[PDB]
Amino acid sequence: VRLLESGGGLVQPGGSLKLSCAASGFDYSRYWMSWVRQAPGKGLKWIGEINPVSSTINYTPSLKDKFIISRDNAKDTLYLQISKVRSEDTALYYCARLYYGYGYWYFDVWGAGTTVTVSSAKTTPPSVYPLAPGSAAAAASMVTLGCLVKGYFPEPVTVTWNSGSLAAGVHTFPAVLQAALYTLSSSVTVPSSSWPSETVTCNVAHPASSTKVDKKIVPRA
């Protein structure tokens, strides 16, 4: 019983896109399907719904051809078209299977979500800089390393340490946007005896701009 939406990403203002939600694990007919978006920071908001026979399509109070919901029962997939896209449409979109108990309807099962970004800003690779502690600092119990990932667009990037093996004592901070570019940092606190005697590398992937990069954190001489 999995719902899988796709087709998010970056669109220019006044454009249009077509999100897809591919269903599996149940009879896709008999069920009503729905779209619900979550604006960054804000709460959940209902877009619309569609019955199995596609004879009733309902939307939130939303002007004319802004939203077009449909479904193809043969491919077992749900669609959503947004036209004349503005920044308010920058959100995370969920498809949901509709059901009920006493008859006051709920949102039964949800998809994982696809993120839609509406920005005239251009796709940009990230620059990845190590963060080694200087000769000014003395090592206690632990030693904090890191790498700065700056000047990219859009979200997301994925940071792992030693190809995911060093999964303990890792913080990755939310990215912050400035002047049409994102910046984020990631820490990795490790035992004092473990570095620099053993190699610590951070792995950064920005798929939007085909970037895969490894940055080795070496001490300062």
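Numbers for residues come from their place in the sequence shown, where the first is 1.
Compared with the other modelled residues of the chain, the Cα B-factor recorded for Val36 ranks in the lowest third. In this PDB entry, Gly169 carries a Cα temperature factor that places it within the middle third of its chain's modelled residues. Per-chain ranking of the deposited C-alpha B factor places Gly103 in the middle third. Sort the chain's modelled residues by C-alpha temperature factor and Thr123 lands in the lowest third, per the entry. Split the chain's modelled residues into thirds by C-alpha temperature factor. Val85 is in the middle one.
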